[PDB]
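The structure under discussion appears below in the form of structure tokens.
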């Protein structure tokens with residue numbers, strides 16, 4: 001909503017490790033050893049948890065909704081990914097406390 005960040009976050013410094021680790025929750029990524037998911041890329045949470053905060057708190061959200069909106073869809077995939085994509089992107093600010101105030105206090109989805 002706030003362009004002050006929605007204009008600086010999407011300007012040319014969106015997210016990836018944040019909107020990418022979630023992509024590892026599917027078959028959209030390879031696998032080798034054991035791990036919560038991205039065994040070959042475990043360094044994504046502590047990375048995104050920062051790569052999402054590095055843009056300040058005015059970017060932590062709802063701006064993130066962006067990097068999360070393009071976490072999969074990119075033309076028309078109907079209501080499917082966003083559902084879980086969000087149900088798994090809502091636990092990010094839970095273990096990556098990056099929103100003290102409450103920009104995107106979503107979860108009841």
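Numbering (the entry's author numbering), first residue to last: 1 to 109. Virtual Cβ for every residue (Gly too), placed ideally from N, Cα, C.
Length of the line joining the Cα atoms of residue 73 and residue 96 | So the two alpha carbons sit approximately 24 Å from each other.
When 94, 84 and 35 are compared against residue 22, the one with the closest alpha-carbon | Measuring from the Cα of residue 22, the nearest candidate turns out to be 84.
Residue from 40, 15, 70 and 57 whose Cα sits closest to the Cα of residue 48 | Nearest option by C-alpha distance: 15.
On the three-state DSSP scale, how would you describe residue 82?
-> Note: residue 82 maps to helix in three-state DSSP.
Simplified DSSP assignment, three categories, for residue 97 = Reduced to three states, the DSSP call for residue 97 is coil.
Could you check which residue in 3, 100 and 106 has the C-alpha nearest to that of residue 53?
-> The candidate whose alpha carbon is nearest that of residue 53 is 100.
Apart from the five residues just before and just after residue 20, which ones in its own chain have a Cβ nearer than 7 Å to its Cβ?
-> Cβ within range, chain order: 44.
Measuring alpha carbon to alpha carbon, tell me which of 26, 7 and 42 ends up nearest residue 33.
-> Residue 33 has its Cα closest to that of 42, out of 26, 7 and 42.
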